[PDB]
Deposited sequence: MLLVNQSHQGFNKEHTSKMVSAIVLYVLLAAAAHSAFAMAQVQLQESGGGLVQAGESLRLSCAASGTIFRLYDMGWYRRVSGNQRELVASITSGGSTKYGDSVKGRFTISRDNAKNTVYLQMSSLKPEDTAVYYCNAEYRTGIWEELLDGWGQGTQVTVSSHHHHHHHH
């Protein structure tokens, strides 16, 4: 099994910058896709090769990152809008072994509050 933990949420002043984190630990052989979800529309998603696929209402304002050696996905938040205050769920696709199937995992849940 694997363990995904989320951090970076809380109450912050409007117009500031945050950086969510999501580190996965456990029996990990390879990780394929990561993304933050909020049907749960993929507001952001970066593949193993960096082929990011942003949302229509989040493009040009948010930047995603991934360090495979550090096993993390970082989402940078800029140019806050009233609709951006919601709960962020970290998603990741992992495989526990060569002969195993494509396993899917989910995060704990991060609460980000911005004044509207």
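- No alpha-carbon coordinates exist for the deposited sequence positions 1-40, 79-83, 162-169, given here in order along the chain.
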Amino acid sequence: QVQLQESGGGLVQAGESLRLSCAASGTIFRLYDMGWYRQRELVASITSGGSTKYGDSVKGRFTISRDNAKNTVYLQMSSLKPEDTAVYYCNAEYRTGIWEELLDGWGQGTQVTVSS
From here on, numbers count along this sequence of modelled residues.
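- When the other compared entries with both flanking residues are checked, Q108 is modelled in all of them, not unmodelled in a third.
- Modelled in this chain, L42 is nonetheless absent from a third or more of the other compared entries whose models extend past it on both sides.
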